[PDB]
file my_file_35.pdb (PDB, N, CA and C atoms and all ligand atoms)
ATOM      1  N   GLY A   1      16.045 -17.169  38.468  1.00  0.00           N
ATOM      2  CA  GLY A   1      16.295 -18.631  38.327  1.00  0.00           C
ATOM      3  C   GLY A   1      15.014 -19.443  38.357  1.00  0.00           C
ATOM      4  N   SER A   2      14.970 -20.502  37.556  1.00  0.00           N
ATOM      5  CA  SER A   2      13.794 -21.361  37.492  1.00  0.00           C
ATOM      6  C   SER A   2      13.769 -22.335  38.666  1.00  0.00           C
ATOM      7  N   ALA A   3      14.949 -22.790  39.080  1.00  0.00           N
ATOM      8  CA  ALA A   3      15.063 -23.726  40.195  1.00  0.00           C
ATOM      9  C   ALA A   3      14.352 -25.039  39.887  1.00  0.00           C
ATOM     10  N   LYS A   4      14.303 -25.391  38.607  1.00  0.00           N
ATOM     11  CA  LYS A   4      13.655 -26.622  38.174  1.00  0.00           C
ATOM     12  C   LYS A   4      14.628 -27.501  37.396  1.00  0.00           C
ATOM     13  N   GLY A   5      14.108 -28.573  36.814  1.00  0.00           N
ATOM     14  CA  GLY A   5      14.940 -29.483  36.049  1.00  0.00           C
ATOM     15  C   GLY A   5      14.193 -30.735  35.621  1.00  0.00           C
ATOM     16  N   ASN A   6      13.080 -31.027  36.290  1.00  0.00           N
ATOM     17  CA  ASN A   6      12.283 -32.206  35.971  1.00  0.00           C
ATOM     18  C   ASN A   6      13.129 -33.471  36.007  1.00  0.00           C
ATOM     19  N   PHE A   7      12.485 -34.612  35.791  1.00  0.00           N
ATOM     20  CA  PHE A   7      13.185 -35.890  35.808  1.00  0.00           C
ATOM     21  C   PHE A   7      12.600 -36.858  34.786  1.00  0.00           C
ATOM     22  N   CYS A   8      13.462 -37.720  34.249  1.00  0.00           N
ATOM     23  CA  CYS A   8      13.059 -38.707  33.259  1.00  0.00           C
ATOM     24  C   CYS A   8      11.911 -39.582  33.799  1.00  0.00           C
ATOM     25  N   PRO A   9      10.849 -39.752  32.990  1.00  0.00           N
ATOM     26  CA  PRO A   9       9.657 -40.528  33.365  1.00  0.00           C
ATOM     27  C   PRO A   9       9.873 -42.042  33.359  1.00  0.00           C
ATOM     28  N   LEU A  10      11.060 -42.476  32.951  1.00  0.00           N
ATOM     29  CA  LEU A  10      11.374 -43.900  32.911  1.00  0.00           C
ATOM     30  C   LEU A  10      12.097 -44.325  34.195  1.00  0.00           C
ATOM     31  N   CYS A  11      13.146 -43.589  34.545  1.00  0.00           N
ATOM     32  CA  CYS A  11      13.945 -43.878  35.732  1.00  0.00           C
ATOM     33  C   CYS A  11      14.657 -42.622  36.230  1.00  0.00           C
ATOM     34  N   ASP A  12      15.308 -41.921  35.307  1.00  0.00           N
ATOM     35  CA  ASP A  12      16.038 -40.698  35.619  1.00  0.00           C
ATOM     36  C   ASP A  12      16.985 -40.894  36.789  1.00  0.00           C
ATOM     37  N   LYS A  13      17.655 -42.038  36.795  1.00  0.00           N
ATOM     38  CA  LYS A  13      18.607 -42.353  37.835  1.00  0.00           C
ATOM     39  C   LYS A  13      17.925 -42.384  39.200  1.00  0.00           C
ATOM     40  N   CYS A  14      18.105 -41.325  39.962  1.00  0.00           N
ATOM     41  CA  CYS A  14      17.514 -41.216  41.288  1.00  0.00           C
ATOM     42  C   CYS A  14      17.796 -39.845  41.888  1.00  0.00           C
ATOM     43  N   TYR A  15      16.804 -38.954  41.819  1.00  0.00           N
ATOM     44  CA  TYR A  15      16.932 -37.590  42.339  1.00  0.00           C
ATOM     45  C   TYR A  15      17.702 -36.720  41.364  1.00  0.00           C
ATOM     46  N   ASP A  16      18.751 -37.299  40.824  1.00  0.00           N
ATOM     47  CA  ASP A  16      19.606 -36.625  39.867  1.00  0.00           C
ATOM     48  C   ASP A  16      20.224 -35.367  40.466  1.00  0.00           C
ATOM     49  N   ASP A  17      21.339 -35.552  41.160  1.00  0.00           N
ATOM     50  CA  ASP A  17      22.049 -34.442  41.781  1.00  0.00           C
ATOM     51  C   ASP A  17      23.044 -33.819  40.807  1.00  0.00           C
ATOM     52  N   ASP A  18      23.160 -34.417  39.626  1.00  0.00           N
ATOM     53  CA  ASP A  18      24.069 -33.920  38.607  1.00  0.00           C
ATOM     54  C   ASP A  18      23.323 -33.683  37.301  1.00  0.00           C
ATOM     55  N   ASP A  19      22.178 -33.012  37.403  1.00  0.00           N
ATOM     56  CA  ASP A  19      21.355 -32.718  36.234  1.00  0.00           C
ATOM     57  C   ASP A  19      22.064 -31.765  35.273  1.00  0.00           C
ATOM     58  N   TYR A  20      23.145 -31.148  35.737  1.00  0.00           N
ATOM     59  CA  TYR A  20      23.913 -30.225  34.909  1.00  0.00           C
ATOM     60  C   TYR A  20      24.639 -30.986  33.826  1.00  0.00           C
ATOM     61  N   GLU A  21      25.121 -32.145  34.210  1.00  0.00           N
ATOM     62  CA  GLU A  21      25.832 -33.021  33.302  1.00  0.00           C
ATOM     63  C   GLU A  21      24.937 -34.188  32.890  1.00  0.00           C
ATOM     64  N   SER A  22      23.756 -34.271  33.507  1.00  0.00           N
ATOM     65  CA  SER A  22      22.811 -35.336  33.195  1.00  0.00           C
ATOM     66  C   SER A  22      22.150 -35.086  31.853  1.00  0.00           C
ATOM     67  N   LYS A  23      22.652 -35.755  30.828  1.00  0.00           N
ATOM     68  CA  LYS A  23      22.113 -35.609  29.484  1.00  0.00           C
ATOM     69  C   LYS A  23      20.609 -35.888  29.459  1.00  0.00           C
ATOM     70  N   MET A  24      19.812 -34.845  29.654  1.00  0.00           N
ATOM     71  CA  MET A  24      18.361 -34.987  29.655  1.00  0.00           C
ATOM     72  C   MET A  24      17.756 -34.255  28.461  1.00  0.00           C
ATOM     73  N   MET A  25      16.554 -34.665  28.059  1.00  0.00           N
ATOM     74  CA  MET A  25      15.877 -34.059  26.918  1.00  0.00           C
ATOM     75  C   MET A  25      14.668 -33.236  27.345  1.00  0.00           C
ATOM     76  N   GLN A  26      14.595 -32.013  26.845  1.00  0.00           N
ATOM     77  CA  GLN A  26      13.477 -31.132  27.151  1.00  0.00           C
ATOM     78  C   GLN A  26      12.328 -31.347  26.170  1.00  0.00           C
ATOM     79  N   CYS A  27      11.239 -31.934  26.653  1.00  0.00           N
ATOM     80  CA  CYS A  27      10.079 -32.194  25.814  1.00  0.00           C
ATOM     81  C   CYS A  27       9.503 -30.894  25.247  1.00  0.00           C
ATOM     82  N   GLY A  28       8.779 -30.997  24.136  1.00  0.00           N
ATOM     83  CA  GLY A  28       8.191 -29.818  23.522  1.00  0.00           C
ATOM     84  C   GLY A  28       6.723 -29.667  23.864  1.00  0.00           C
ATOM     85  N   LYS A  29       6.112 -30.764  24.298  1.00  0.00           N
ATOM     86  CA  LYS A  29       4.704 -30.771  24.661  1.00  0.00           C
ATOM     87  C   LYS A  29       4.517 -30.362  26.125  1.00  0.00           C
ATOM     88  N   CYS A  30       5.176 -31.081  27.034  1.00  0.00           N
ATOM     89  CA  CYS A  30       5.076 -30.785  28.461  1.00  0.00           C
ATOM     90  C   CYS A  30       6.392 -30.233  29.005  1.00  0.00           C
ATOM     91  N   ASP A  31       7.378 -30.099  28.125  1.00  0.00           N
ATOM     92  CA  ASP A  31       8.685 -29.579  28.495  1.00  0.00           C
ATOM     93  C   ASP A  31       9.365 -30.451  29.550  1.00  0.00           C
ATOM     94  N   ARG A  32       8.886 -31.682  29.706  1.00  0.00           N
ATOM     95  CA  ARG A  32       9.461 -32.602  30.676  1.00  0.00           C
ATOM     96  C   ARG A  32      10.812 -33.120  30.195  1.00  0.00           C
ATOM     97  N   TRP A  33      11.735 -33.284  31.133  1.00  0.00           N
ATOM     98  CA  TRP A  33      13.071 -33.759  30.805  1.00  0.00           C
ATOM     99  C   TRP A  33      13.151 -35.283  30.804  1.00  0.00           C
ATOM    100  N   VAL A  34      13.546 -35.855  29.666  1.00  0.00           N
ATOM    101  CA  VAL A  34      13.674 -37.306  29.544  1.00  0.00           C
ATOM    102  C   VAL A  34      15.143 -37.688  29.415  1.00  0.00           C
ATOM    103  N   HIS A  35      15.509 -38.834  29.967  1.00  0.00           N
ATOM    104  CA  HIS A  35      16.893 -39.284  29.920  1.00  0.00           C
ATOM    105  C   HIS A  35      17.357 -39.464  28.484  1.00  0.00           C
ATOM    106  N   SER A  36      18.388 -38.725  28.109  1.00  0.00           N
ATOM    107  CA  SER A  36      18.931 -38.821  26.767  1.00  0.00           C
ATOM    108  C   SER A  36      19.420 -40.236  26.485  1.00  0.00           C
ATOM    109  N   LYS A  37      20.199 -40.779  27.410  1.00  0.00           N
ATOM    110  CA  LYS A  37      20.745 -42.118  27.249  1.00  0.00           C
ATOM    111  C   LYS A  37      19.708 -43.200  27.553  1.00  0.00           C
ATOM    112  N   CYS A  38      19.028 -43.066  28.687  1.00  0.00           N
ATOM    113  CA  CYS A  38      18.032 -44.049  29.095  1.00  0.00           C
ATOM    114  C   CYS A  38      16.879 -44.135  28.089  1.00  0.00           C
ATOM    115  N   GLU A  39      16.476 -42.996  27.522  1.00  0.00           N
ATOM    116  CA  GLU A  39      15.390 -42.980  26.539  1.00  0.00           C
ATOM    117  C   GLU A  39      15.834 -43.616  25.215  1.00  0.00           C
ATOM    118  N   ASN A  40      17.061 -44.142  25.183  1.00  0.00           N
ATOM    119  CA  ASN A  40      17.595 -44.785  23.984  1.00  0.00           C
ATOM    120  C   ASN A  40      17.832 -43.773  22.868  1.00  0.00           C
ATOM    121  N   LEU A  41      18.162 -42.547  23.249  1.00  0.00           N
ATOM    122  CA  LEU A  41      18.423 -41.490  22.277  1.00  0.00           C
ATOM    123  C   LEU A  41      19.862 -41.559  21.774  1.00  0.00           C
ATOM    124  N   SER A  42      20.044 -41.812  20.480  1.00  0.00           N
ATOM    125  CA  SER A  42      21.390 -41.873  19.917  1.00  0.00           C
ATOM    126  C   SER A  42      22.004 -40.479  19.927  1.00  0.00           C
ATOM    127  N   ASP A  43      23.317 -40.403  20.093  1.00  0.00           N
ATOM    128  CA  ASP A  43      24.001 -39.116  20.136  1.00  0.00           C
ATOM    129  C   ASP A  43      23.877 -38.357  18.827  1.00  0.00           C
ATOM    130  N   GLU A  44      24.012 -39.082  17.738  1.00  0.00           N
ATOM    131  CA  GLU A  44      23.913 -38.499  16.409  1.00  0.00           C
ATOM    132  C   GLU A  44      22.517 -37.978  16.178  1.00  0.00           C
ATOM    133  N   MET A  45      21.561 -38.838  16.452  1.00  0.00           N
ATOM    134  CA  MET A  45      20.166 -38.485  16.300  1.00  0.00           C
ATOM    135  C   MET A  45      19.830 -37.386  17.290  1.00  0.00           C
ATOM    136  N   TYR A  46      20.445 -37.466  18.468  1.00  0.00           N
ATOM    137  CA  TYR A  46      20.266 -36.463  19.501  1.00  0.00           C
ATOM    138  C   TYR A  46      20.936 -35.164  19.068  1.00  0.00           C
ATOM    139  N   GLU A  47      22.016 -35.304  18.301  1.00  0.00           N
ATOM    140  CA  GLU A  47      22.761 -34.158  17.802  1.00  0.00           C
ATOM    141  C   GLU A  47      21.972 -33.425  16.730  1.00  0.00           C
ATOM    142  N   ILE A  48      21.249 -34.186  15.921  1.00  0.00           N
ATOM    143  CA  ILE A  48      20.468 -33.599  14.844  1.00  0.00           C
ATOM    144  C   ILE A  48      19.460 -32.585  15.385  1.00  0.00           C
ATOM    145  N   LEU A  49      18.819 -32.890  16.509  1.00  0.00           N
ATOM    146  CA  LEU A  49      17.864 -31.946  17.085  1.00  0.00           C
ATOM    147  C   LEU A  49      18.602 -30.740  17.628  1.00  0.00           C
ATOM    148  N   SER A  50      19.716 -31.023  18.274  1.00  0.00           N
ATOM    149  CA  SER A  50      20.556 -29.998  18.881  1.00  0.00           C
ATOM    150  C   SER A  50      21.249 -29.131  17.833  1.00  0.00           C
ATOM    151  N   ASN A  51      21.330 -29.631  16.600  1.00  0.00           N
ATOM    152  CA  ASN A  51      21.956 -28.890  15.509  1.00  0.00           C
ATOM    153  C   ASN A  51      20.907 -28.088  14.748  1.00  0.00           C
ATOM    154  N   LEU A  52      19.664 -28.543  14.830  1.00  0.00           N
ATOM    155  CA  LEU A  52      18.557 -27.879  14.180  1.00  0.00           C
ATOM    156  C   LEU A  52      18.311 -26.523  14.804  1.00  0.00           C
ATOM    157  N   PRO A  53      17.580 -25.683  14.079  1.00  0.00           N
ATOM    158  CA  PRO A  53      17.246 -24.333  14.510  1.00  0.00           C
ATOM    159  C   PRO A  53      16.045 -24.297  15.452  1.00  0.00           C
ATOM    160  N   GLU A  54      15.718 -25.457  16.032  1.00  0.00           N
ATOM    161  CA  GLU A  54      14.597 -25.603  16.964  1.00  0.00           C
ATOM    162  C   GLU A  54      13.276 -25.807  16.228  1.00  0.00           C
ATOM    163  N   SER A  55      13.355 -26.039  14.923  1.00  0.00           N
ATOM    164  CA  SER A  55      12.158 -26.258  14.118  1.00  0.00           C
ATOM    165  C   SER A  55      11.398 -27.488  14.610  1.00  0.00           C
ATOM    166  N   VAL A  56      12.138 -28.490  15.076  1.00  0.00           N
ATOM    167  CA  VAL A  56      11.556 -29.705  15.586  1.00  0.00           C
ATOM    168  C   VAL A  56      11.139 -29.529  17.028  1.00  0.00           C
ATOM    169  N   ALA A  57      10.641 -30.606  17.569  1.00  0.00           N
ATOM    170  CA  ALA A  57      10.201 -30.658  18.947  1.00  0.00           C
ATOM    171  C   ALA A  57      10.445 -32.042  19.524  1.00  0.00           C
ATOM    172  N   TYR A  58      11.078 -32.108  20.688  1.00  0.00           N
ATOM    173  CA  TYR A  58      11.329 -33.390  21.319  1.00  0.00           C
ATOM    174  C   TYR A  58      10.170 -33.735  22.222  1.00  0.00           C
ATOM    175  N   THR A  59       9.528 -34.850  21.931  1.00  0.00           N
ATOM    176  CA  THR A  59       8.385 -35.282  22.713  1.00  0.00           C
ATOM    177  C   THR A  59       8.746 -36.492  23.568  1.00  0.00           C
ATOM    178  N   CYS A  60       8.394 -36.422  24.846  1.00  0.00           N
ATOM    179  CA  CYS A  60       8.698 -37.486  25.790  1.00  0.00           C
ATOM    180  C   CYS A  60       7.772 -38.675  25.578  1.00  0.00           C
ATOM    181  N   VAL A  61       8.123 -39.792  26.194  1.00  0.00           N
ATOM    182  CA  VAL A  61       7.365 -41.027  26.047  1.00  0.00           C
ATOM    183  C   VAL A  61       5.870 -40.866  26.339  1.00  0.00           C
ATOM    184  N   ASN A  62       5.528 -40.124  27.382  1.00  0.00           N
ATOM    185  CA  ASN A  62       4.126 -39.942  27.748  1.00  0.00           C
ATOM    186  C   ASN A  62       3.378 -39.128  26.711  1.00  0.00           C
ATOM    187  N   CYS A  63       3.998 -38.061  26.258  1.00  0.00           N
ATOM    188  CA  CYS A  63       3.403 -37.215  25.248  1.00  0.00           C
ATOM    189  C   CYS A  63       3.357 -37.964  23.926  1.00  0.00           C
ATOM    190  N   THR A  64       4.422 -38.709  23.663  1.00  0.00           N
ATOM    191  CA  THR A  64       4.530 -39.490  22.442  1.00  0.00           C
ATOM    192  C   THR A  64       3.646 -40.740  22.512  1.00  0.00           C
ATOM    193  N   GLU A  65       3.118 -41.020  23.700  1.00  0.00           N
ATOM    194  CA  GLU A  65       2.238 -42.172  23.908  1.00  0.00           C
ATOM    195  C   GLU A  65       2.764 -43.423  23.204  1.00  0.00           C
ATOM    196  N   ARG A  66       1.916 -44.446  23.114  1.00  0.00           N
ATOM    197  CA  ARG A  66       2.293 -45.699  22.469  1.00  0.00           C
ATOM    198  C   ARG A  66       3.452 -46.358  23.207  1.00  0.00           C
ATOM    199  N   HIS A  67       3.144 -46.977  24.342  1.00  0.00           N
ATOM    200  CA  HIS A  67       4.159 -47.640  25.149  1.00  0.00           C
ATOM    201  C   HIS A  67       3.533 -48.685  26.067  1.00  0.00           C
TER     202      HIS A  67
HETATM  203 ZN    ZN B   1      15.965 -42.494  32.890  1.00  0.00          ZN
HETATM  204 ZN    ZN B   2       6.102 -34.474  27.123  1.00  0.00          ZN
END
call {"tool": "encode", "arguments": {"input": "my_file_35.pdb", "output": "structure tokens", "more": "lines below"}}
Ligand SMILES: [Zn+2]
Ligand SMILES: [Zn+2]
result
Amino acid sequence: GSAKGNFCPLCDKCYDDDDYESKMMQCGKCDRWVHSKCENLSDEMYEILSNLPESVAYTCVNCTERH
């Protein structure tokens, strides 16, 4: 077991005791988990990455810079 989960760099709720159901995004640069909903990630757009063969990479706000 990894015993990890990371937390959204914006707010990530607080501690996140329900990260299992906590729609978080796994970054491709630092592998950091960003809030799917809080990061303003649309479900459809979020679905497109999840439907892809992993060719893409989800980059978090810090990695994506410009903020
Ligand atoms: Zn958040
Ligand atoms: Zn990142």
call {"tool": "residues_around", "arguments": {"input": "my_file_35.pdb", "residues": "region 21-35 of chain A", "least_positions_apart": "6", "cutoff": "8 Å", "atoms": "only C-alpha atoms", "output": "ChimeraX atom specification"}}
result
/A:5-12,57-60,63
call {"tool": "select_by_dssp", "arguments": {"input": "my_file_35.pdb", "residues": "chain A", "states": "strand (DSSP E)", "output": "number ranges by chain"}}
result
A: 24-26, 33-35
call {"tool": "atom_distance", "arguments": {"input": "my_file_35.pdb", "atom1": "CA of residue 17 (chain A)", "atom2": "CA of residue 39 (chain A)"}}
result
18.7 Å
call {"tool": "atom_distance", "arguments": {"input": "my_file_35.pdb", "atom1": "CA of residue 13 (chain A)", "atom2": "CA of residue 37 (chain A)"}}
result
10.8 Å
call {"tool": "atom_distance", "arguments": {"input": "my_file_35.pdb", "atom1": "atom ZN of ligand ZN 2 (chain B)", "atom2": "atom C of residue 66 (chain A)"}}
result
12.8 Å
call {"tool": "closest_residue", "arguments": {"input": "my_file_35.pdb", "among": "A:62, A:67, A:18, A:38", "to": "ligand ZN 2 (chain B)", "atoms": "all atoms listed in the file"}}
result
A:62
call {"tool": "closest_residue", "arguments": {"input": "my_file_35.pdb", "among": "A:14, A:4, A:54, A:47", "to": "ligand ZN 1 (chain B)", "atoms": "only N, CA and C atoms and all ligand atoms"}}
result
A:14
call {"tool": "select_by_dssp", "arguments": {"input": "my_file_35.pdb", "residues": "chain A", "states": "helix (DSSP H, G or I)", "output": "list in words"}}
result
residues 43, 44, 45, 46, 47, 48, 49, 50, 51, 61, 62, 63 and 64 of chain A
call {"tool": "write_last_selection", "arguments": {"input": "my_file_35.pdb", "atoms": "N, CA and C atoms", "output": "compact mmCIF listing (two decimals), in the frame of the given file"}}
result
# COMPACT_ATOMS: atom_id res chain seq x y z
N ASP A 43 23.32 -40.40 20.09
CA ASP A 43 24.00 -39.12 20.14
C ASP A 43 23.88 -38.36 18.83
N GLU A 44 24.01 -39.08 17.74
CA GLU A 44 23.91 -38.50 16.41
C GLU A 44 22.52 -37.98 16.18
N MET A 45 21.56 -38.84 16.45
CA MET A 45 20.17 -38.48 16.30
C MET A 45 19.83 -37.39 17.29
N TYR A 46 20.44 -37.47 18.47
CA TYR A 46 20.27 -36.46 19.50
C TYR A 46 20.94 -35.16 19.07
N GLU A 47 22.02 -35.30 18.30
CA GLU A 47 22.76 -34.16 17.80
C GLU A 47 21.97 -33.42 16.73
N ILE A 48 21.25 -34.19 15.92
CA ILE A 48 20.47 -33.60 14.84
C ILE A 48 19.46 -32.58 15.38
N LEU A 49 18.82 -32.89 16.51
CA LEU A 49 17.86 -31.95 17.08
C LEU A 49 18.60 -30.74 17.63
N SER A 50 19.72 -31.02 18.27
CA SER A 50 20.56 -30.00 18.88
C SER A 50 21.25 -29.13 17.83
N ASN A 51 21.33 -29.63 16.60
CA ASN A 51 21.96 -28.89 15.51
C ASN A 51 20.91 -28.09 14.75
N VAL A 61 8.12 -39.79 26.19
CA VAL A 61 7.36 -41.03 26.05
C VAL A 61 5.87 -40.87 26.34
N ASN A 62 5.53 -40.12 27.38
CA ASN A 62 4.13 -39.94 27.75
C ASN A 62 3.38 -39.13 26.71
N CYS A 63 4.00 -38.06 26.26
CA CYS A 63 3.40 -37.22 25.25
C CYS A 63 3.36 -37.96 23.93
N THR A 64 4.42 -38.71 23.66
CA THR A 64 4.53 -39.49 22.44
C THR A 64 3.65 -40.74 22.51
call {"tool": "axis_aligned_box", "arguments": {"input": "my_file_35.pdb", "around": "region 19-29 of chain A", "padding_each_side": "6 Å", "output": "lines of an AutoDock Vina configuration file"}}
result
center_x = 15.2
center_y = -32.8
center_z = 30.5
size_x = 33.3
size_y = 18.2
size_z = 25.9
